[PDB]
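Peer 1: Chains as they are written, first to last, in PDB author numbering: chain F, 0 to 348; chain B, 0 to 348; chain A, 0 to 348.
For each residue, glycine too, the CB sits at the ideal point set by N, CA and C.
Sharing a structure, written as structure tokens. Questions coming.
Structural data, given as structure tokens:
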């Protein structure tokens with residue numbers, strides 16, 4: 000979104016945004032200033048005619064807290080790879096999971112949706128994850144036009160290394176964000192004009208900690224079946240996804256859901272003067288939970304609008320109307336049941 | 000200011016500095032290497048004839064500690080807003096308080112003065128603060144030429160969220176850096192040529208934590224009345240500020256002063272070969288302290304010089320001559336009474 | 000490696016890399032994803048005919064862990080200084096020690112070698128260190144053509160300031176990363192064409208903490224004698240270093256070695272299609288250890304290759320074959336005795 004360097008086959012696109020955001024909620028753990036900013040580089044070098052190396056980095060820096068505070072910045076994306084002209088591409092690092100190739104069609108809300116809802120960050124291959132080799136391929140080895148296919152492999156990421164251990168690595172992490180040797184695949188196709196369909200499947204080994212430290216979720220493998228449909232035409236965005244996860248959807252902080260049925264659907268209209276009203280519904284029903292029965296993990300209706308000044312400046316307002324009923328599951332799992340109203344003005348370069 | 004991008008009405012300025020700095024002092028909590036660097040972007044996009052969107056970000060990175068060290072970087076500024084041609088501007092994020100619109104006239108020392116002295120970072124609206132909606136207006140609605148006035152509103156920033164609570168928010172902070180819903184206004188005018196006067200007023204509700212956890216300072220509202228006069232002409236810089244704060248000036252680490260009288264005054268001369276000697280006096284007399292009574296919170300005379308090679312490179316040396324007498328107040332408040340000698344060489348892009 | 004701004008005597012180079020890296024090892028404290036990225040600026044300003052100011056900054060950002068993790072970024076380099084055209088240069092900040100001016104000729108391995116092996120970060124003047132004033136001089140005061148000489152002084156960097164103290168500073172650090180008032184000098188000369196020789200000497204005071212808290216290493220001064228020989232021509236790189244350190248080489252985590260003999264030797268061939276196989280041997284034999292005696296601190300054989308697509312993209316594989324025998328010294332010092340295999344694809348801008 001801003002190419003600051005272009006010389007001798009090297010281009011360096013420097014992109015990002017400064018989002019001044021504020022939340023209103025009864026939940027005083029999200030209430031207050033939420034002003035953040037993202038910044039990153041997006042460079043590539045040309046090697047020959049049908050070979051181009053590239054790298055990307057996306058850094059997230061929070062700016063709603065004081066300078067006395069700690070751990071206020073992290074790396075969202077960081078990978079490097081090669082482009083084989085048309086035969087596809089290959090990249091490795093911290094990148095989006097292949098399941099996202101479908102789920103991203105509903106991550107189009109003014110502020111909400113996406114991470115922290117039906118899926119989350121470091122949740123196997125459902126979003127951003129560490130050490131993922133992703134082979135993407137445009138137009139299925141040239142065979143089928145418009146058929147974008149992808150394969151992904153993820154390395155084992157266990158607990159913090161030390162005495163006690165149990166499948167440790169150098170990048171040891173919290174119990175809910177671990178993952179074993181996993182793989183995944185995505186597949187998107189434009190069936191008609193403006194209409195697209197997609198499918199994604201992921202399977203990762205689970206570690207001992209995810210069957211021990213937390214109470215919810217027991218099983219050897221974590222699987223995700225994902226399907227999506229997107230209509231983007233006539234100033235209409237209308238998308239829906241659906242995911243059946245097995246030992247893979249987070250149940251707050253208690254563990255994982257042995258069986259989960261995520262479902263997102265969003266509708267937006269784009270005006271000619273720059274107003275984009277958006278209405279969505281997200282739900283995630285968890286089945287066969289250890290202890291509890293069949294419970295709702297997430298359920299809310301979104302409504303809001305985004306006013307676009309131009310390709311760089313915008314402002315937005317969002318309303319999460321939480322439909323979750325307070326029961327014994329949300330009390331100990333720590334799942335919020337309160338409505339939230341977001342209000343933001345973001346500059347974007 | 001090194002403008003690295005300018006294309007199609009969008010500009011991206013990239014500014015900052017790398018200050019290699021060293022302190023000499025009896026206070027062994029500031030003596031030693033102090034090498035820091037700041038870096039940030041200053042971009043803007045043009046929307047229409049009388050509307051321009053902009054954003055700013057300023058990042059501070061310390062470089063005096065080892066690679067093992069923690070919490071060595073923070074965000075000084077990060078906001079986004081709109082400039083209405085002549086009718087003014089409106090911005091939201093982490094920005095400078097309106098009181099700084101005046102007191103900054105004495106934050107012109109080779110290294111000392113300004114933040115961390117009479118006021119500090121996140122000290123209500125006296126300096127940098129989180130979540131401030133600032134409506135500035137150049138030339139008083141076109142009515143009065145040269146009268147720059149500003150209005151500011153600040154959202155509630157409480158304690159860490161959890162059990163116990165007491166007015167919490169998501170950006171919860173230490174008791175001395177909290178603030179409730181506050182407002183403020185500034186007013187600066189160049190009466191003659193080179194002579195300027197200024198006024199600033201801030202009023203924020205104080206939170207329960209600031210009347211409980213720390214001992215000094217009790218009250219419901221925190222107010223700051225500030226006035227300043229600056230003469231900048233004929234190679235003469237001569238400025239003075241003065242602030243009466245009520246439940247707003249930090250008394251080191253003990254709390255706030257129920258009544259405080261901050262006063263800074265600085266005089267500098269600019270030579271033709273790039274040498275700028277500077278002499279200042281900063282004091283902060285605290286009145287009505289719980290226990291201690293009437294004590295001095297800060298009191299020192301500054302003397303030093305800055306040699307400017309050009310508009311980008313410079314070097315400086317400073318001498319803080321602390322006039323504070325050692326008593327029980329400085330012992331419990333953690334207020335330093337020792338002289339400091341700064342010595343720096345700064346590259347600036 | 001990418002000059003984004005160059006106008007009116009000011010140039011602003013923007014360099015760095017995005018290294019997607021993965022380790023395989025029995026030692027499950029280094030195994031797993033290691034994807035890191037470095038990014039920094041390399042600017043300079045022109046002052047007059049024989050005076051040019053410059054500044055440099057190098058930031059290391061880890062991206063192998065989750066966003067929940069802490070302390071994943073640090074500053075490798077950050078300094079500012081003046082270039083006297085040809086008469087030399089002077090810079091201060093966090094910069095490379097003068098001993099590296101020699102040892103860097105063997106830190107040319109595909110991934111391993113350098114920091115964390117025979118020397119380390121913040122290990123007196125053997126690598127990067129805080130608060131170093133470095134006066135370099137190109138072509139020895141005009142006397143001798145081609146003779147690069149350097150002098151460096153380092154300020155005292157002790158423990159964290161507080162009650163108890165014992166030589167404290169504001170940038171207080173871990174016991175093994177401390178350093179007193181030190182100095183050093185390096186001297187490199189190209190004797191033949193492609194053949195170079197170099198010598199370096201450093202002497203720093205040790206603090207009370209390094210003779211008290213840890214058991215190994217006793218003495219008042221820490222000294223390093225370093226010598227190096229480099230042959231770089233005819234697609235042949237062949238270099239060797241040798242260092243006798245006294246109270247200066249780390250003996251893992253037990254303290255310092257009263258006598259250490261570091262020795263590195265590397266041989267590489269550069270093909271015409273971009274393959275650079277490299278074979279090296281690094282060892283560090285420690286003599287006169289408190290309690291143990293004569294032990295091996297480091298000893299392994301390196302073998303690997305770096306395939307260069309071009310000057311920006313590359314991929315590599317490395318093999319650290321550890322020759323260390325398991326004994327009580329490696330048991331208490333925490334020194335790894337396991338083989339490691341690195342595998343990386345790095346974009347470089």
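#1: Give the C-beta separation of residue 320 (chain B) and residue 338 (chain B) to the nearest angstrom, bearing in mind that I take them to be a contact with Cβ-Cβ under 8 Å.
#2: Taking Cβ positions only, does residue 320 (chain F) come closer than 9 Å to chain A?
#3: May I ask you to list the residues that DSSP assigns as paired with residue 15 (chain B)?
#4: Would you list, in chain order, the members of the stretch 21-34 of chain F that have their beta-carbon closer than 8 Å to a beta-carbon of chain B?
#5: In angstroms with no decimal places, state the Cα-to-Cα distance between residue 209 (chain F) and residue 177 (chain F).
#6: Taking its Cβ as the centre, do 16 or more other Cβ atoms sit within 10 Å of residue 79 (chain B), making it buried, or is it exposed?
#7: Would residue 351 (chain B) count as contacting chain F if we go by Cβ distances under 9 Å?
#8: Could you check if residue 190 (chain F) is buried or exposed, using at least 16 other CB atoms within 10 Å of its CB as the buried criterion?
#9: At least one CB of chain A closer than 9 Å to the CB of residue 145 (chain F): is that the case?
#10: Tell me which residue opens and which closes the beta strand (DSSP E) that residue 198 (chain F) is part of.
#11: Residues of chain A with a CB under 9 Å from the CB of residue 70 (chain F): which are they?
#12: Which residue or residues does DSSP assign as beta-bridge partners of residue 313 (chain B)?
#13: Using beta carbons (cut-off 9 Å, strictly below), is residue 182 (chain B) in contact with chain F?
#14: Please give the ranges of any beta strand (DSSP E) in the stretch 69-133 of chain B, keeping only runs that are unbroken, at least 3 residues long and fully inside the region.
#15: Rank F:205, F:230, F:249, F:237 by C-alpha distance to the C-alpha of residue 218 (chain F) and give the top, closest one.
#16: Take residue 245 (chain B) as the anchor and find which of B:67, B:232, B:215 has the nearest alpha-carbon.
#17: List the DSSP bridge partners of residue 275 (chain F).
#18: Tell whether a beta-carbon distance below 9 Å holds between residue 22 (chain F) and residue 341 (chain F).
#19: Hey, could you find the ends of the beta strand (DSSP E) residue 252 (chain F) is sitting in?
#20: Measuring from the CB of residue 313 (chain A), is there a heavy atom of the ligand ATP at a distance below 8 Å?
#21: With a threshold of 16 other CB atoms inside 10 Å of the CB of residue 92 (chain B), please say whether the residue is buried or exposed.
#22: Beta carbons nearer than 7 Å to chain B: which residues of the stretch 106-131 of chain A have them?
#23: Strictly under 9 Å for the Cβ-Cβ distance: is residue 46 (chain A) near chain B by that measure?
#24: From A:314, A:334, A:198, pick the residue whose C-alpha is nearest to that of residue 347 (chain A); which is it?
#25: Given residue 366 (chain A), which residues of its chain have a CB within under 6 Å of its CB, disregarding the five upstream and five downstream residues?
#26: Taking just the CA atoms, how far does residue 273 (chain A) sit from residue 234 (chain A)?
#27: So residue 158 (chain F) and residue 171 (chain F) are supposed to be a Cβ contact under 8 Å. How far apart are they, rounded?
#28: Should residue 183 (chain B) go down as buried or exposed, given a rule of 16 or more other Cβ atoms within 10 Å for buried?
#29: Assuming residue 42 (chain B) and residue 58 (chain B) are in contact, meaning their beta carbons sit under 8 Å apart, how far apart are those beta carbons, in whole angstroms?
#30: Can you give me the start and stop residues for the beta strand (DSSP E) that residue 421 (chain A) sits inside?
#31: Among all the DSSP beta bridges, which residues are the ones paired with residue 235 (chain F)?
#32: If you draw a straight line from the alpha carbon of residue 188 (chain B) to that of residue 228 (chain B), how long is it in whole angstroms?
#33: Does the beta-carbon distance from residue 354 (chain B) to residue 267 (chain B) come in below 9 Å?
#34: Thinking C-beta only, is residue 203 (chain A) closer than 9 Å to residue 165 (chain A)?
#35: So is residue 140 (chain F) in contact with chain A if we call contact Cβ pairs under 9 Å?
#36: Give the DSSP-derived three-state secondary structure of residue 207 (chain B) in the structure shown.
Peer 2: Let's see:
#1: On the second chain, residue 320 (chain B) is found 321 positions in, with the first residue counted as 1. On the second chain, residue 338 (chain B) is found 339 positions in, with the first residue counted as 1. About 5 Å; that satisfies the 8 Å criterion.
#2: Taking the first chain and counting its residues from 1, one reaches residue 320 (chain F) at position 321. Cβ-Cβ to chain A under 9 Å: no for residue 320 (chain F).
#3: One-based indexing of the second chain puts residue 15 (chain B) at position 16. In DSSP, residue 15 (chain B) forms a bridge with B:38.
#4: 21, 22, 27, 28, 29, 30, 31, 32, 33, 34
#5: Here residue 209 (chain F) refers to the residue found at position 210 when the first chain is read from its first residue. Here residue 177 (chain F) refers to the residue found at position 178 when the first chain is read from its first residue. Distance between the alpha carbons of residue 209 (chain F) and residue 177 (chain F) is about 8 Å.
#6: Working through the second chain from its first residue, we reach residue 79 (chain B) at position 80. The residue in question, residue 79 (chain B), is buried, as its Cβ has 16 or more Cβ neighbours within 10 Å.
#7: Residue 351 (chain B) lies beyond the stretch modelled for chain B, which goes from 0 to 348, so this question has no answer here.
#8: As a position in the first chain, residue 190 (chain F) is number 191, starting the count at 1. The residue in question, residue 190 (chain F), is exposed, as its Cβ has fewer than 16 Cβ neighbours within 10 Å.
#9: For the purposes of this step, residue 145 (chain F) is identified with residue 146 of the first chain, where counting begins at 1. False, the Cβ-Cβ gap to chain A never drops below 9 Å.
#10: Counting from 1 along the first chain, the entry for residue 198 (chain F) is found at position 199. Residue 198 (chain F) -> beta strand (DSSP E) spans 194-204.
#11: If you number the first chain from 1, residue 70 (chain F) lands on position 71. Neighbours of residue 70 (chain F) on chain A, chain order: 67, 68, 69, 70, 71.
#12: Residue numbering aside, residue 313 (chain B) sits at position 314 when the second chain is read from its first letter. The partner list for residue 313 (chain B) (beta bridge, DSSP) reads B:307, B:345.
#13: One-based indexing of the second chain puts residue 182 (chain B) at position 183. Residue 182 (chain B) does not count as touching chain F.
#14: Qualifying beta strand (DSSP E) stretches, in chain order: 72-82, 88-95.
#15: For the purposes of this step, residue 218 (chain F) is taken as residue 219 along the first chain, with counting starting at 1. Ranking the options by Cα distance to residue 218 (chain F), first place goes to F:205.
#16: Within the second chain, the letter at position 246 stands for residue 245 (chain B). Closest by alpha carbon: B:215.
#17: Counted from its first residue, the first chain places residue 275 (chain F) at position 276. As DSSP reads the structure, residue 275 (chain F) sits in a beta bridge with F:305.
#18: Here the question's residue 22 (chain F) lines up with position 23 in the first chain. Here the question's residue 341 (chain F) lines up with position 342 in the first chain. Contact: yes.
#19: Within the first chain, the letter at position 253 stands for residue 252 (chain F). Premise fails: residue 252 (chain F) is in no beta strand (DSSP E) and is neither H nor E.
#20: Among the ligands in the structure shown, none appear at all, so the ligand ATP cannot be discussed.
#21: Residue numbering aside, residue 92 (chain B) sits at position 93 when the second chain is read from its first letter. It is buried - the Cβ of residue 92 (chain B) has at least 16 other Cβ atoms within 10 Å.
#22: 120, 121, 129, 130
#23: Here the question's residue 46 (chain A) lines up with position 47 in the third chain. The Cβ of residue 46 (chain A) sits closer than 9 Å to at least one Cβ of chain B.
#24: Numbered from its first residue, the third chain carries residue 347 (chain A) at position 348. Here the closest residue by C-alpha is A:314.
#25: The displayed coordinates of chain A run from 0 to 348. Any statement about residue 366 (chain A) would go beyond what the structure contains.
#26: The residue given as residue 234 (chain A) occupies position 235 in the third chain. The residue given as residue 273 (chain A) occupies position 274 in the third chain. So the two alpha carbons sit approximately 11 Å from each other.
#27: Locating residue 158 (chain F) in the first chain gives position 159, counting from the first residue. Locating residue 171 (chain F) in the first chain gives position 172, counting from the first residue. About 5 Å; that satisfies the 8 Å criterion.
#28: Sequence index remark: in the second chain, residue 183 (chain B) carries index 184 (1-based). Burial call: buried.
#29: For the purposes of this step, residue 42 (chain B) is identified with residue 43 of the second chain, where counting begins at 1. For the purposes of this step, residue 58 (chain B) is identified with residue 59 of the second chain, where counting begins at 1. Going by Cβ atoms, the distance from residue 42 (chain B) to residue 58 (chain B) rounds to 14 Å, so no, they are not a contact pair.
#30: Here chain A covers residues 0 to 348 and nothing more, so residue 421 (chain A) does not appear.
#31: Sequence index remark: in the first chain, residue 235 (chain F) carries index 236 (1-based). According to DSSP, which records beta bridges pairwise, residue 235 (chain F) is partnered with F:232, F:268.
#32: As a position in the second chain, residue 188 (chain B) is number 189, starting the count at 1. As a position in the second chain, residue 228 (chain B) is number 229, starting the count at 1. Looking at the two C-alpha atoms, the distance is approximately 10 Å.
#33: The first residue shown for chain B is 0 and the last is 348, placing residue 354 (chain B) beyond what the model contains.
#34: Counting from one through the third chain, the residue named residue 165 (chain A) turns up at place 166. Counting from one through the third chain, the residue named residue 203 (chain A) turns up at place 204. No; because the gap between Cβ atoms is not below 9 Å, this pair is not in contact.
#35: By 1-based counting over the first chain, the position of residue 140 (chain F) is 141. So, not an interface residue.
#36: Walking along the second chain from the start, residue 207 (chain B) turns up at place 208. Residue state, collapsed to three classes: helix.
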